[PDB]
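Undergrad: Build me a model:
(chains A, B, C and D)
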Amino acid sequence: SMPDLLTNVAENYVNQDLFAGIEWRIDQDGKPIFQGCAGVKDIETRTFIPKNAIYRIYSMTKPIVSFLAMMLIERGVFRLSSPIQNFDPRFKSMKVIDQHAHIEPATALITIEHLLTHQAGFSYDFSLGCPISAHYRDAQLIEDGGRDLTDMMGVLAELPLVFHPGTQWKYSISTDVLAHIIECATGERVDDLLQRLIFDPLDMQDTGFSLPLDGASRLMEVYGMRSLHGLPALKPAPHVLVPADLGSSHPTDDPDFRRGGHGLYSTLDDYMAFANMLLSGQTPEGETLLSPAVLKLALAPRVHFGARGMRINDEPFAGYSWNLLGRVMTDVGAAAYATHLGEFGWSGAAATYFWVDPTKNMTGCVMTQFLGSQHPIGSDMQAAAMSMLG
Amino acid sequence: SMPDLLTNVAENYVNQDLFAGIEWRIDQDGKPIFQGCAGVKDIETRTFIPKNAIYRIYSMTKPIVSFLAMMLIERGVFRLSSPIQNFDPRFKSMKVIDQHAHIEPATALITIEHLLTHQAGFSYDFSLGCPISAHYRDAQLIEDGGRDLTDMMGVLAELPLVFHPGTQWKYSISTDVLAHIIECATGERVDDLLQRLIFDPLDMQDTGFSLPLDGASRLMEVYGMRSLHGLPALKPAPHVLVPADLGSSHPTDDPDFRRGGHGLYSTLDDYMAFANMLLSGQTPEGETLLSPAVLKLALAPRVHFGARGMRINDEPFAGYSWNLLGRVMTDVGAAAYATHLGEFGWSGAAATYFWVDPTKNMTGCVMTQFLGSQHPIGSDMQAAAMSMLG
Amino acid sequence: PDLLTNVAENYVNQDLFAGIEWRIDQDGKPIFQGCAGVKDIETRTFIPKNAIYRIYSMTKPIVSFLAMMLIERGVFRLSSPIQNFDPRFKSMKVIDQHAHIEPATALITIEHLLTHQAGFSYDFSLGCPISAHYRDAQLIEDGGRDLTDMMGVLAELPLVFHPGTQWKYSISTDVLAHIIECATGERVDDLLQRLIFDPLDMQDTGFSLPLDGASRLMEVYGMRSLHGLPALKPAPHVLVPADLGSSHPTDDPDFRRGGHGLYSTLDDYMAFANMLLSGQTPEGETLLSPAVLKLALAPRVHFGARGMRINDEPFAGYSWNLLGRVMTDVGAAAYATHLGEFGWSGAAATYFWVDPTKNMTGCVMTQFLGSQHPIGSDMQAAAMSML
Amino acid sequence: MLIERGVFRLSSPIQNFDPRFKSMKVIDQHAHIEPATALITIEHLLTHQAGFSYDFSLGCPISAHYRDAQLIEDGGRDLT
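TA: Numbering: from 1, shown residues only, chains lettered A, B, ... in the order given. The structure is reproduced below:
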């Protein structure tokens, strides 16, 4: 009897010219219950959303790379408490800088756990008001997509952190450091490890750091005016449907391009395979990608926040704590939109969004391409899906 | 389908020359589900691990002696709140020393509970940076194994504590004080009480403070460079497979040698009988060693830690609180390796380790001999076992 | 011995500074003075008579003294909100290190400007939540932009704390210079000329070179930039000519600033310093009354445990008054001084002090941007030790 | 006197004159060791605010290592 609020949210966003095209799917017990799409591939030609449409998922790369870390921990490659300097000595002797210009040596070693929890003290190029982000932009960490991960990390390693490892939380480039440390610890490339440990077993054939062979025609167009590497803006970018210029930050066909915090291309269908797996740690066939005990370890609330709560550039994530893979709902009474205790997932800067809701055996994903949305489409579709499932 | 991660962890430690020989067993519902061994008795001759191999379990002595205390409390010999001075007046008039050289009388009496929780204010010879450990080494408390417990306690009793009883936590010599107070309260020897109250009923024929008659040939060789009585090192001892010199701290055939905090010899099989009993407080036959209510009293979280957490010489025990017998997992979201809420146990300095996991009806023990390991083998095998049991 | 000469000649001999001049006066007459080195190391020309220096932040005490004069004359007062004179500063915002922006809960006043408690920052401020936007705006870099227009760009940026609640060395003296222009209807350079330079016979001090100044201008060395990405460690101390870009022109008849930009000479700066002992010219004409001079010099901002710091460099035992630093605890001082000693310094290593307990003034002139050697304080210590 | 003569000053980091004092560590009463967050200066030495201790210091987290080192005991060892 509840109407289809999902289609309504998405059709309105498209009809109000706020997003070009949107796809979504919600699965329960591993099968789709709701799905649809709205709009077009691009508003310039109005080509229809192709099948297996491809999206830059930006930071939805993080749960994937984090899960790989959990698999390697389970396999004994390293452990939560492993100092990353053991794998890359360039991260020995870190310094810490503060807002009063004072610099001093770090009082603790950065560990694998610090990376996964964004408590290592790293920042991000786009971070507004940050004591070190100016030096990240000068270094072109995000801007220079053509630079090999290994080389970007050498440049990052020379920069000071913005607090002592383990003592604070700040959403950061640390998942990129994780990807690198993974390469250091295993002797392998993070893209190959992903391919064989996660994508192949889950049949995510369209996911990777470059377009598939027939990928160009399926790539959704990206809009919006937010920059992830420019001088951080003092007020939100205006929400205008104008193609986004990604510069050289996000190549389509660079076989060496790989990152921990962004850069994957994927599809609604591929990302839903990953999300569904998170409900159990198994492939649909029943291969174990991660044991129940280490999955519990990965999902448990690990970082708790003060009254100010979890924030990124002052944007709130109300009632969310942080676990080893991303956000997790720890207080429905503090939540700003419909959810259930234990709901988890993450999202990407081009407005892609996903969640997993263990109390409903439910997963959801909204795919779209808008950089700097002033409308939280992801949270709106989640709310809509929540309202529709009892 | 999950592979045997236990054997893999252990074979790798042996093949990388990090440990000489390792045995492990994991029981569920009181029967072995996984077990194995790797390496040899000693690398000098490469003799194979004999059956019923014997290990110095060091601080895994503590849960045993603590459990005895709980049995005597149940029997009315003393109670948690009993001031120990009631049994040994040498512990009247304690003093407290601080890092600023200031000494003053203790403001509270040390109780049986303080001993079991390491909140009595005692320290340890090996304690780095401690306001009193220098005086413990001068006194040769750990070094002089040949000294009778009763006499060592008289010497210890004259020393100041490092905080007021009940006001802080510091892992200490207090289980040795407990063993002594047990002797004072009962008129009996702690080794005889152990033998008849615990070992005999559980058929632990190879456990005790001296080698059995046929014990010498079965004693595993001990390696490593950590000293438990020397000037505390400023950085970890290098991890080298070189036989360890125990001086006279750990005699093999001294019929009067007995301690509360270390000194037992045991076997994988004996220690597993003790661990399994902890799941219920009964022998396999069904004799009650400790009622459910006093077992609940012993296992409940009793000491809680600040953000710094539980630490020993600055080594962390993440997400662990302390109960009357040793560590207990109170927050899986703070844990640094795979576990379940309520998991408990302890470990010894020669890298022996055990756990009990009530949510899985599971016990595990890893036996090895390396003093000053820079690799946490115990936690690695636990993680491996966790990953293998759903 | 002549400690001042030993200190200067060793600096020159270790190739740390090209040329140095110093004079120390007592009771308005010289008691120590000298010079060492050369105008430039390239030609090894001797320091010319009446050599000219970029005094950078030694501009602030002069512009601040001008403000005190206007205050005495009723043009405005310490509590005057600057928004009254330039509405572009109505509705300020405050940004923090966590990206949070909110409206300022207090109005910026004249007093806030003089005490660097307004919440403004600086282009060169390392780790600062707003300095990146100052650099992008080219506030220091673009010397060719008229003061008035530059202020318009600055006024749109957030502060880094709520006016009156913290201290941070800042562009606020430039704002002061600008607010002076708004309040008086006159230019700050003309006001300075008329009210201060002429009465003190400071004929060589101004925002552009005199007709015969080109040959007198000391060469400037060092690699510190006041507008580039703030360095994570001090640049190497090497005598190489400094590139000033378009930040500090020599003959722009419109260049005027409050926080830097004056050219001066040792002799001229000493006349200004000597005047600060009394608020009068040598002939006895009053530039500022004793009561308002007392008001200007009294310790006004006090500091906590870290003390006064600029980009984390300490000013030990110093508090702040309306003109600059003032020694309030000799037992915390890092170099010889007396209670009440005051003055300021410039980024090219110029430095001056006034010591009322000894009727003493002193000034050290050199041109080195980014010195790793506190020459100013070394020379003050030497003079103090010679009395 | 040396300060007055310009040999060094109160704020001079001692590591400038003996690099063996570059990269100091700080130990606490809980066994935790971490790098020093500030450079020892001449002024720190004169005021006993450098973090050094003494062999005879009762209850001190580092004095046992001073005694083991024989810093006071071994009068025959050259200062350097």
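Undergrad: C-alpha from now on. contacts and neighbour counts both.
TA: OK.
Undergrad: Write out the residues of the stretch 101-250 of chain A neighbouring chain C.
TA: Within reach of chain C by Cα under 8 Å from any Cα of the partner chain, the stretch 101-250 of chain A has these residues: A:101-102, A:127-132, A:134-135, A:138, A:231.
Undergrad: Got a quick ChimeraX command for the buried subset of the residues you listed?
TA: When burial is assessed using 16 or more other Cα atoms under 10 Å in any protein chain shown, the buried subset of those is captured in ChimeraX by this command:
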select /A:101,102,127,128,129,130,131,132,134,135,231
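Undergrad: Save the residues of the stretch 101-250 of chain A next to chain C as JSON lines, and put in distance to residue A:373 and secondary structure too.
TA: Putting those into JSON lines (distance: Cα to Cα, whole Å; DSSP: H, G, I helix; E, B strand; the rest coil) gives the following:
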{"residue": "A:101", "distance to residue A:373": "34", "secondary structure": "coil"}
{"residue": "A:102", "distance to residue A:373": "36", "secondary structure": "coil"}
{"residue": "A:127", "distance to residue A:373": "17", "secondary structure": "coil"}
{"residue": "A:128", "distance to residue A:373": "17", "secondary structure": "coil"}
{"residue": "A:129", "distance to residue A:373": "21", "secondary structure": "coil"}
{"residue": "A:130", "distance to residue A:373": "22", "secondary structure": "coil"}
{"residue": "A:131", "distance to residue A:373": "26", "secondary structure": "coil"}
{"residue": "A:132", "distance to residue A:373": "26", "secondary structure": "coil"}
{"residue": "A:134", "distance to residue A:373": "24", "secondary structure": "helix"}
{"residue": "A:135", "distance to residue A:373": "26", "secondary structure": "helix"}
{"residue": "A:138", "distance to residue A:373": "26", "secondary structure": "helix"}
{"residue": "A:231", "distance to residue A:373": "18", "secondary structure": "coil"}
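Undergrad: out of the residues of the stretch 101-250 of chain A next to chain C, what pair is the most spread apart?
TA: The span of these, defined through Cα to Cα, is set by A:102 and A:231 at 22.7 Å.
Undergrad: Reformat the residues of the stretch 101-250 of chain A next to chain C as a markdown table; add distance to chain D.
TA: Rendered in a markdown table, the data for these read as follows (distance: Cα to the nearest Cα, whole Å):
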| residue | distance to chain D |
| --- | --- |
| A:101 | 14 |
| A:102 | 10 |
| A:127 | 26 |
| A:128 | 27 |
| A:129 | 24 |
| A:130 | 21 |
| A:131 | 18 |
| A:132 | 19 |
| A:134 | 23 |
| A:135 | 22 |
| A:138 | 26 |
| A:231 | 31 |
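Undergrad: Kindly identify which of the residues of the stretch 101-250 of chain A next to chain C also come near chain B.
TA: Applying Cα under 8 Å from any Cα, the subset of these adjacent to chain B is empty.
Undergrad: mind putting the residues of the stretch 101-250 of chain A next to chain C in a markdown table, distance to residue B:28 included?
TA: Below are these laid out as a markdown table (distance: Cα to Cα, whole Å):
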| residue | distance to residue B:28 |
| --- | --- |
| A:101 | 57 |
| A:102 | 55 |
| A:127 | 50 |
| A:128 | 53 |
| A:129 | 54 |
| A:130 | 52 |
| A:131 | 53 |
| A:132 | 52 |
| A:134 | 56 |
| A:135 | 55 |
| A:138 | 57 |
| A:231 | 59 |
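Undergrad: all strands for the stretch 1-150 of chain A, in order.
TA: Secondary structure of the stretch 1-150 of chain A (DSSP state E, counting those that start in this stretch): strands located at A:21-28, A:31-39, A:54-56, A:95-97, A:103-105.
Undergrad: got these as a markdown table, with mean neighbour count columns?
TA: Converted to a markdown table, the strands of the stretch 1-150 of chain A look like this (neighbours: other Cα atoms under 10 Å in any protein chain shown):
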| stretch | mean neighbour count |
| --- | --- |
| strand A:21-28 | 23 |
| strand A:31-39 | 16 |
| strand A:54-56 | 27 |
| strand A:95-97 | 22 |
| strand A:103-105 | 19 |
